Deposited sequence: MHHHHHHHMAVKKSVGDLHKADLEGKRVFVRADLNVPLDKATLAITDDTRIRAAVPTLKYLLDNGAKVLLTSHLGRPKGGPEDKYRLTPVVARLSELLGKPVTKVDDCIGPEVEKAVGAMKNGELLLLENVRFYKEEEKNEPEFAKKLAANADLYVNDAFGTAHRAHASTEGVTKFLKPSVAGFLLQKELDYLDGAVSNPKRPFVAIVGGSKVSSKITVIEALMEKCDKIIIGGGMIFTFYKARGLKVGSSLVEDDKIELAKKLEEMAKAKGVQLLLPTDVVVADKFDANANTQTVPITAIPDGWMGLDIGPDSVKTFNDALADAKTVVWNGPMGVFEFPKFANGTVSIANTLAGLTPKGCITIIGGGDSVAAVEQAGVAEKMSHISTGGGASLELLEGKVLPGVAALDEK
């Protein structure tokens, strides 16, 4: 629905000054400022290489940090992964930018200083966005992780640049998180895990509009079980969400969604990787014990339910996978999805703990898509509209 940088050809790009908003906000080691994860930079280079190879003059902008950094720590890694030099400018507006842009040749890339040094950036003030656009001809948004904010560099500048299109990274995020979910190939199974059903309501509700089955895991199952009148030992529950838990089960049936909860759990006598454990049916949770993983019968049931899936969305671990005795639920599910991807199934991962889970489970490169922008991922999987995306041209 939104035009892409790929919809533009060399006539549109050669010799043009292209303002690019990228997500280069890579984690830094506090003492050395070395990059501990350059995934975001690597994800950013295909848009940049396409532009530079078509003769564009790229003006690249990003943030790095509520504490702000200059972009110095990323210049060298970006150039190495770009395969092209990178000229730094110590401002994102004004005569120094204008001078640097004037000296550029086709196929060169400029890196402007961190836009968030101006308070006008997060205020989305139009006169500042105007100054940002003053040395550009057109606009590419490749910063999905900030597309839910309305900032000058992510939204305000589009009012002064034509066309305004989505980069390749942003388009991929939309292709998987929006397209693949809204027009899904079936069977479409959603997997949602978490400690608290309160944190996962809207994503669960959003996914029930589209999916065939929902698998529910993690510590939040115990509020569902308490809502059935079952004992849940010392498992943490949200008593104020008990009625909500009943409504979700009802809503699933009304919409034709198979709701799957575990039938057995691994319980611990304390929240400890070294706890004593038992594996019990969910109807006989011992007093004073807490459920820290789904049990083997539930692992088998969930795997069977996934065995013919053509789309899977996974958000949230099945148990405390950081504890080896309680990891089998998450690791098994992670590796089931990893085996589905080569069979044609579309496997999509979202959430900070699910990405730490797929790393610990050794499947981090084995999925269709792992979302680079956490807070934007949830809001898109929520069905609300991102100001950064809405501002782009229609295809």
Missing segments of the deposited chain sequence, listed N- to C-terminal = 1 to 10, 76 to 81
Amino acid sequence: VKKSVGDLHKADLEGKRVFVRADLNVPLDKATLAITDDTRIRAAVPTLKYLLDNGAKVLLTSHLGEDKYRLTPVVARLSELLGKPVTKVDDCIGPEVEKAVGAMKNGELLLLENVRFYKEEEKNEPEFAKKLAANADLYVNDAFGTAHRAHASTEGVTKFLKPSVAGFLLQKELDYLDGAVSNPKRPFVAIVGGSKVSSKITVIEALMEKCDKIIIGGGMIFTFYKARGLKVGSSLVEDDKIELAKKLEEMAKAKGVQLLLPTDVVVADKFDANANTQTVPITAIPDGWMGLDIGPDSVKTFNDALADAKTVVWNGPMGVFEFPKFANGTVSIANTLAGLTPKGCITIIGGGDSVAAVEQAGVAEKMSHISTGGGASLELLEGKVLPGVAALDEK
From here on, numbers count along this sequence of modelled residues.
query = According to the deposited model, is the average Cα temperature factor higher in 94 to 102 or in 277 to 285?
reply = 94 to 102
request  = Between 36 to 44 and 328 to 336, point out the one with the higher average CA B-factor as the PDB entry records it.
outcome  = 36 to 44
task = In terms of CA temperature factor as recorded, identify the highest of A268, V313, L138, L81.
result = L81
Maximum C-alpha temperature factor, selected from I191, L248, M220, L112 = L248
ask   = When the modelled residues of the chain are sorted by Cα temperature factor, does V257 land in the lowest, middle or highest third?
value = highest
ask   = Among the modelled residues of its chain, does the C-alpha B-factor of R116 lie in the lowest, middle or highest third?
value = lowest
query = Is the Cα B-factor recorded for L59 in the lowest, middle or highest third of its chain?
reply = lowest
note = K200: CA temperature factor from the record, placed by chain third, in the middle
remark   = Sorting the chain's modelled residues by C-alpha B-factor and splitting them into thirds places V157 in the lowest
